[PDB]
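Listed next as structure tokens is one chain, alone, in the form deposited in one PDB entry.
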């Protein structure tokens, strides 16, 4: 189905960027529009830490205190005044979408400053990390704070994971979390054919029914993933997202590959 027609049908704005890393073939829809990325950056944050810490060192520990906790920290909440390994941080962040794990991660990398630095080095001058969790979820169509374009975000994932500097194991560790993650089930995982493997990281901003899904999609018989970035929003601040919109956009995009 047409992407515009999906916009119409679901009464929403869609931004799509798809790269078959095999062919170099891109699918684009509103790919230069800014959208709040939300928890989808947990993926980006996670990869960056992993370029600086070999798999064998994930056993390293970080001390968590009451000052570390932010809302929606289903895992980290139990670690107050405790230590956690880098490995468990990442798993908390990617699997349960733990906000505190994401924040400690950004810290480990060295701050937003360092994330931002790293992005420019990948040639990403678009992705705009400004706040920590959970504030970064406070989206305004009038602020560029914590937003990116489907195209810049999509090129970043590609340079970071798909064709990056990650070790084999790290790469696999991250990707295994994206595959197993059960939170993205209604998203991209629900729109592609039965055959494909879907490594996703979903997101949801607080405002304007900001519902996202990024993935490394593996068509049966293909070992190279299609990078798929789906950013969505609505016109009203208080609008509720419909997951079906993404499943359906995913399905439409799959057709081109």
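Positions refer to the first chain, counted from 1. Note that the rigid core is defined as the largest set of C-alphas that superpose within 1.5 Å between two forms. Only residues modelled in both forms are compared.
Below: the form deposited in another entry, not depicted.
Comparing the forms between this form and the one not shown on their rigid core, the Cα displacement of residue 30 stays under 2 Å. Remark: with the core as the superposition reference, the CA shift of residue 206 between this form and the one not shown reaches 2 Å or more. Taking 2 Å as the criterion, residue 9 does not count as shifted between this form and the one not shown: its C-alpha moves by less than this amount when the rigid core is aligned. Relative to this form, in the other form the C-alpha atoms of residue 205 and residue 183 approach one another by 3 angstroms or more.
CA of residue 93 to CA of residue 208: closer by 3 Å or more in the other form than in the shown form.
Core superposition between this form and the one not shown reveals the following runs of 3 or more residues with every CA shifted by 2 angstroms or more: 204 to 210, 235 to 241.
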